[PDB]
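Structure file work.csv; described as CSV, C-alpha atoms.
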chain,number,residue,atom,x,y,z
A,1,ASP,CA,65.4,139.8,22.5
A,2,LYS,CA,64.9,143.6,22.1
A,3,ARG,CA,62.9,145.6,24.7
A,4,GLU,CA,59.4,146.6,23.7
A,5,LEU,CA,59.2,150.1,22.1
A,6,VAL,CA,57.4,152.4,24.5
A,7,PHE,CA,55.0,154.9,22.9
A,8,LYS,CA,53.7,158.1,24.5
A,9,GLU,CA,50.5,157.9,26.4
A,10,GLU,CA,48.2,160.7,27.9
A,11,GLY,CA,50.2,163.5,29.6
A,12,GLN,CA,53.4,162.6,27.9
A,13,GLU,CA,55.2,163.9,24.7
A,14,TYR,CA,58.2,163.0,22.7
A,15,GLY,CA,61.1,165.4,22.8
A,16,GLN,CA,64.6,166.0,21.5
A,17,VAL,CA,67.3,167.2,24.0
A,18,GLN,CA,68.5,170.7,23.1
A,19,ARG,CA,71.1,171.2,25.9
A,20,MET,CA,72.2,170.0,29.3
A,21,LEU,CA,71.7,172.6,32.1
A,22,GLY,CA,73.2,170.7,35.1
A,23,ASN,CA,71.6,170.4,38.5
A,24,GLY,CA,70.0,167.4,36.7
A,25,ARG,CA,68.1,169.4,34.2
A,26,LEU,CA,67.9,169.7,30.4
A,27,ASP,CA,66.0,171.8,27.8
A,28,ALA,CA,63.9,169.7,25.4
A,29,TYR,CA,62.0,170.7,22.3
A,30,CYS,CA,58.8,168.6,22.5
A,31,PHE,CA,56.9,167.6,19.4
A,32,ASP,CA,53.7,169.3,20.6
A,33,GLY,CA,55.7,172.5,19.8
A,34,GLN,CA,56.6,173.3,23.4
A,35,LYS,CA,60.1,173.8,24.9
A,36,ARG,CA,60.2,172.2,28.4
A,37,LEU,CA,62.8,172.5,31.1
A,38,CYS,CA,63.0,168.9,32.3
A,39,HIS,CA,64.2,167.1,35.5
A,40,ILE,CA,66.4,164.1,34.9
A,41,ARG,CA,66.0,161.2,37.4
A,42,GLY,CA,69.0,159.9,39.4
A,43,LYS,CA,68.5,156.3,38.3
A,44,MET,CA,68.6,157.3,34.6
A,45,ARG,CA,71.7,159.5,35.0
A,46,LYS,CA,73.6,156.6,36.5
A,47,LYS,CA,72.8,154.1,33.7
A,48,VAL,CA,72.8,156.1,30.5
A,49,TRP,CA,74.3,159.2,28.9
A,50,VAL,CA,71.8,161.9,28.0
A,51,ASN,CA,73.0,164.4,25.4
A,52,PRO,CA,71.9,167.0,23.0
A,53,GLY,CA,70.0,165.4,20.0
A,54,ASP,CA,68.8,162.4,22.1
A,55,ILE,CA,65.1,161.5,21.8
A,56,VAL,CA,63.3,161.3,25.1
A,57,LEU,CA,59.8,160.6,26.5
A,58,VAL,CA,58.7,163.6,28.6
A,59,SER,CA,56.0,163.5,31.4
A,60,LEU,CA,54.1,166.8,31.4
A,61,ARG,CA,53.3,168.8,34.6
A,62,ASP,CA,49.7,170.0,34.7
A,63,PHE,CA,50.5,173.2,36.5
A,64,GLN,CA,53.7,174.1,34.8
A,65,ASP,CA,53.7,173.5,31.0
A,66,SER,CA,57.1,175.0,30.6
A,67,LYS,CA,58.4,172.1,32.7
A,68,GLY,CA,58.6,168.3,32.6
A,69,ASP,CA,60.2,165.1,33.7
A,70,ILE,CA,62.2,162.7,31.6
A,71,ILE,CA,60.8,159.2,31.9
A,72,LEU,CA,63.0,157.5,29.4
A,73,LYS,CA,65.7,157.9,26.7
A,74,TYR,CA,65.2,156.1,23.4
A,75,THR,CA,68.2,154.3,21.8
A,76,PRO,CA,69.1,155.4,18.3
A,77,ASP,CA,67.5,152.2,16.9
A,78,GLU,CA,64.3,152.9,18.9
A,79,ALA,CA,64.3,156.5,17.8
A,80,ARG,CA,64.5,155.4,14.1
A,81,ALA,CA,61.6,152.9,14.8
A,82,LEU,CA,59.6,155.8,16.2
A,83,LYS,CA,60.3,157.7,13.0
A,84,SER,CA,59.5,154.8,10.7
A,85,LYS,CA,56.2,154.3,12.6
A,86,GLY,CA,55.2,158.0,12.2
A,87,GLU,CA,55.5,158.9,15.9
A,88,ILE,CA,58.1,161.6,15.4
A,89,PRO,CA,58.8,163.7,12.2
A,90,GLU,CA,60.7,162.0,9.3
A,91,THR,CA,63.1,164.9,9.2
A,92,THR,CA,64.1,164.5,12.9
A,93,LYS,CA,67.9,164.3,13.2
A,94,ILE,CA,68.8,161.1,15.0

Take the structure I supplied and represent it as structure tokens, if you would.
Amino acid sequence: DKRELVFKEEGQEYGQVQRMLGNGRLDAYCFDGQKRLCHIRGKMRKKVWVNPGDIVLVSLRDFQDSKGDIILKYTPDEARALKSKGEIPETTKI
């Protein structure tokens, strides 16, 4: 069946991809109100497309809050599940 829906934990935030920057980076608007310039991991890049509007789980960096690391990308269905469960705002464009 379907993979378990991963929720954010301490030191992580949900985000929505704003734009791709290349050199394996993207700008994400995170739902704690912070824009973060995020590293995309090689393994992820190979298996999935990451595009503007995608919902992502972001690992924070203690010393650089303007930066982060993409742990995972949510599928559209998973993103709607997050919304239905109140994890991201109801008005988020999926």

Shell of 10 Å around stretch 33-44 of chain A, all atoms listed in the file, local chain residues under 6 positions omitted, as an mmCIF file with C-alpha atoms, keeping the file's coordinate frame:
data_model
loop_
_atom_site.group_PDB
_atom_site.id
_atom_site.type_symbol
_atom_site.label_atom_id
_atom_site.label_comp_id
_atom_site.auth_asym_id
_atom_site.auth_seq_id
_atom_site.Cartn_x
_atom_site.Cartn_y
_atom_site.Cartn_z
ATOM 1 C CA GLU A 13 55.200 163.900 24.700
ATOM 2 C CA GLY A 15 61.100 165.400 22.800
ATOM 3 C CA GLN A 16 64.600 166.000 21.500
ATOM 4 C CA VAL A 17 67.300 167.200 24.000
ATOM 5 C CA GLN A 18 68.500 170.700 23.100
ATOM 6 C CA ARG A 19 71.100 171.200 25.900
ATOM 7 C CA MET A 20 72.200 170.000 29.300
ATOM 8 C CA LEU A 21 71.700 172.600 32.100
ATOM 9 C CA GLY A 22 73.200 170.700 35.100
ATOM 10 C CA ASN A 23 71.600 170.400 38.500
ATOM 11 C CA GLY A 24 70.000 167.400 36.700
ATOM 12 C CA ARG A 25 68.100 169.400 34.200
ATOM 13 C CA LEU A 26 67.900 169.700 30.400
ATOM 14 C CA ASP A 27 66.000 171.800 27.800
ATOM 15 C CA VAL A 50 71.800 161.900 28.000
ATOM 16 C CA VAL A 58 58.700 163.600 28.600
ATOM 17 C CA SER A 59 56.000 163.500 31.400
ATOM 18 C CA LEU A 60 54.100 166.800 31.400
ATOM 19 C CA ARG A 61 53.300 168.800 34.600
ATOM 20 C CA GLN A 64 53.700 174.100 34.800
ATOM 21 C CA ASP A 65 53.700 173.500 31.000
ATOM 22 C CA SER A 66 57.100 175.000 30.600
ATOM 23 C CA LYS A 67 58.400 172.100 32.700
ATOM 24 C CA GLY A 68 58.600 168.300 32.600
ATOM 25 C CA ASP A 69 60.200 165.100 33.700
ATOM 26 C CA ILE A 70 62.200 162.700 31.600
ATOM 27 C CA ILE A 71 60.800 159.200 31.900
ATOM 28 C CA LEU A 72 63.000 157.500 29.400
ATOM 29 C CA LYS A 73 65.700 157.900 26.700
#

So how many Å separate atom CA of residue A:87 and atom CA of residue A:3, to one decimal?
17.6 Å

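One finds atom CA of residue A:49 at 19.7 Å from atom CA of residue A:82.
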
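Here atom CA of residue A:32 is placed at a distance of 19.1 Å from atom CA of residue A:81.
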
Which residues, written as a ChimeraX atom specification, have at least one atom at most 12 Å from residue A:80, with all atoms listed in the file counted and residues fewer than 4 positions away on the same chain left out?
/A:5,54-55,74-76,84-94

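For the set A:46, A:30, A:51, A:14, the residue with the smallest atom-to-atom gap to residue A:83 is A:14, counting only C-alpha atoms.
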
For a quick check of understanding, using only C-alpha atoms, which of A:56, A:62, A:45, A:31 has the smallest distance to residue A:11?
A:62

N, CA and C atoms are what I want for stretch 43-78 of chain A; can you complete it accordingly and write them as an mmCIF file, in the coordinates of the input?
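As a result, out.cif now contains:
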data_model
loop_
_atom_site.group_PDB
_atom_site.id
_atom_site.type_symbol
_atom_site.label_atom_id
_atom_site.label_comp_id
_atom_site.auth_asym_id
_atom_site.auth_seq_id
_atom_site.Cartn_x
_atom_site.Cartn_y
_atom_site.Cartn_z
ATOM 1 N N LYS A 43 68.356 157.663 38.753
ATOM 2 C CA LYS A 43 68.500 156.300 38.300
ATOM 3 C C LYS A 43 68.945 156.299 36.783
ATOM 4 N N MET A 44 68.284 157.150 36.002
ATOM 5 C CA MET A 44 68.600 157.300 34.600
ATOM 6 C C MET A 44 70.034 157.815 34.369
ATOM 7 N N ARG A 45 70.372 158.921 35.030
ATOM 8 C CA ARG A 45 71.700 159.500 35.000
ATOM 9 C C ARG A 45 72.831 158.534 35.201
ATOM 10 N N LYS A 46 72.620 157.638 36.164
ATOM 11 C CA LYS A 46 73.600 156.600 36.500
ATOM 12 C C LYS A 46 73.783 155.585 35.381
ATOM 13 N N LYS A 47 72.704 155.180 34.714
ATOM 14 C CA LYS A 47 72.800 154.100 33.700
ATOM 15 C C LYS A 47 73.092 154.530 32.279
ATOM 16 N N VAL A 48 72.674 155.737 31.895
ATOM 17 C CA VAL A 48 72.800 156.100 30.500
ATOM 18 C C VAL A 48 73.332 157.559 30.345
ATOM 19 N N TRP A 49 73.938 157.855 29.194
ATOM 20 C CA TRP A 49 74.300 159.200 28.900
ATOM 21 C C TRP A 49 73.109 159.872 28.237
ATOM 22 N N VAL A 50 72.799 161.089 28.658
ATOM 23 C CA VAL A 50 71.800 161.900 28.000
ATOM 24 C C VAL A 50 72.448 163.126 27.437
ATOM 25 N N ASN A 51 72.299 163.328 26.132
ATOM 26 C CA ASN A 51 73.000 164.400 25.400
ATOM 27 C C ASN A 51 72.156 165.125 24.460
ATOM 28 N N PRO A 52 72.587 166.331 24.050
ATOM 29 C CA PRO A 52 71.900 167.000 23.000
ATOM 30 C C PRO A 52 71.667 166.155 21.724
ATOM 31 N N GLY A 53 70.461 166.272 21.161
ATOM 32 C CA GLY A 53 70.000 165.400 20.000
ATOM 33 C C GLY A 53 69.299 164.147 20.430
ATOM 34 N N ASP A 54 69.492 163.645 21.662
ATOM 35 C CA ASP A 54 68.800 162.400 22.100
ATOM 36 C C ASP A 54 67.259 162.573 22.071
ATOM 37 N N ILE A 55 66.548 161.496 21.742
ATOM 38 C CA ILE A 55 65.100 161.500 21.800
ATOM 39 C C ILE A 55 64.665 160.880 23.140
ATOM 40 N N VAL A 56 63.728 161.583 23.753
ATOM 41 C CA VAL A 56 63.300 161.300 25.100
ATOM 42 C C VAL A 56 61.787 161.256 25.186
ATOM 43 N N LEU A 57 61.262 160.533 26.180
ATOM 44 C CA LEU A 57 59.800 160.600 26.500
ATOM 45 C C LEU A 57 59.700 161.484 27.751
ATOM 46 N N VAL A 58 58.835 162.489 27.643
ATOM 47 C CA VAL A 58 58.700 163.600 28.600
ATOM 48 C C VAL A 58 57.321 163.427 29.302
ATOM 49 N N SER A 59 57.299 163.380 30.632
ATOM 50 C CA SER A 59 56.000 163.500 31.400
ATOM 51 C C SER A 59 55.691 164.926 31.659
ATOM 52 N N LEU A 60 54.509 165.378 31.240
ATOM 53 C CA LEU A 60 54.100 166.800 31.400
ATOM 54 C C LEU A 60 53.749 167.072 32.900
ATOM 55 N N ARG A 61 53.749 168.359 33.239
ATOM 56 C CA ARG A 61 53.300 168.800 34.600
ATOM 57 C C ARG A 61 52.066 169.678 34.370
ATOM 58 N N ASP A 62 50.935 169.229 34.904
ATOM 59 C CA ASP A 62 49.700 170.000 34.700
ATOM 60 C C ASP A 62 49.694 171.451 35.108
ATOM 61 N N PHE A 63 50.436 171.823 36.144
ATOM 62 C CA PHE A 63 50.500 173.200 36.500
ATOM 63 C C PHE A 63 51.602 174.052 35.991
ATOM 64 N N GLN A 64 52.633 173.392 35.459
ATOM 65 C CA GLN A 64 53.700 174.100 34.800
ATOM 66 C C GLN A 64 54.121 173.544 33.460
ATOM 67 N N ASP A 65 53.453 174.011 32.402
ATOM 68 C CA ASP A 65 53.700 173.500 31.000
ATOM 69 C C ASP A 65 55.072 173.755 30.474
ATOM 70 N N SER A 66 55.780 174.728 31.032
ATOM 71 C CA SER A 66 57.100 175.000 30.600
ATOM 72 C C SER A 66 58.129 174.002 31.218
ATOM 73 N N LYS A 67 57.612 173.065 32.033
ATOM 74 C CA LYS A 67 58.400 172.100 32.700
ATOM 75 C C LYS A 67 58.038 170.632 32.490
ATOM 76 N N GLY A 68 58.913 169.695 32.824
ATOM 77 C CA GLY A 68 58.600 168.300 32.600
ATOM 78 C C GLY A 68 59.540 167.399 33.312
ATOM 79 N N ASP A 69 59.336 166.097 33.143
ATOM 80 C CA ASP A 69 60.200 165.100 33.700
ATOM 81 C C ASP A 69 60.540 164.029 32.682
ATOM 82 N N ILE A 70 61.817 163.688 32.586
ATOM 83 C CA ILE A 70 62.200 162.700 31.600
ATOM 84 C C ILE A 70 61.928 161.322 32.150
ATOM 85 N N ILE A 71 61.062 160.571 31.479
ATOM 86 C CA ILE A 71 60.800 159.200 31.900
ATOM 87 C C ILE A 71 61.872 158.306 31.347
ATOM 88 N N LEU A 72 62.104 158.409 30.031
ATOM 89 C CA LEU A 72 63.000 157.500 29.400
ATOM 90 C C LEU A 72 63.757 158.109 28.206
ATOM 91 N N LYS A 73 64.889 157.498 27.882
ATOM 92 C CA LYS A 73 65.700 157.900 26.700
ATOM 93 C C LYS A 73 65.588 156.784 25.712
ATOM 94 N N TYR A 74 65.304 157.128 24.459
ATOM 95 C CA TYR A 74 65.200 156.100 23.400
ATOM 96 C C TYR A 74 66.630 155.852 22.820
ATOM 97 N N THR A 75 66.920 154.588 22.505
ATOM 98 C CA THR A 75 68.200 154.300 21.800
ATOM 99 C C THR A 75 68.068 154.789 20.387
ATOM 100 N N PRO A 76 69.212 154.962 19.689
ATOM 101 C CA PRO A 76 69.100 155.400 18.300
ATOM 102 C C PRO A 76 68.215 154.469 17.467
ATOM 103 N N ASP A 77 68.352 153.154 17.616
ATOM 104 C CA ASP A 77 67.500 152.200 16.900
ATOM 105 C C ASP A 77 66.009 152.467 17.210
ATOM 106 N N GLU A 78 65.699 152.637 18.492
ATOM 107 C CA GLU A 78 64.300 152.900 18.900
ATOM 108 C C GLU A 78 63.802 154.220 18.323
#
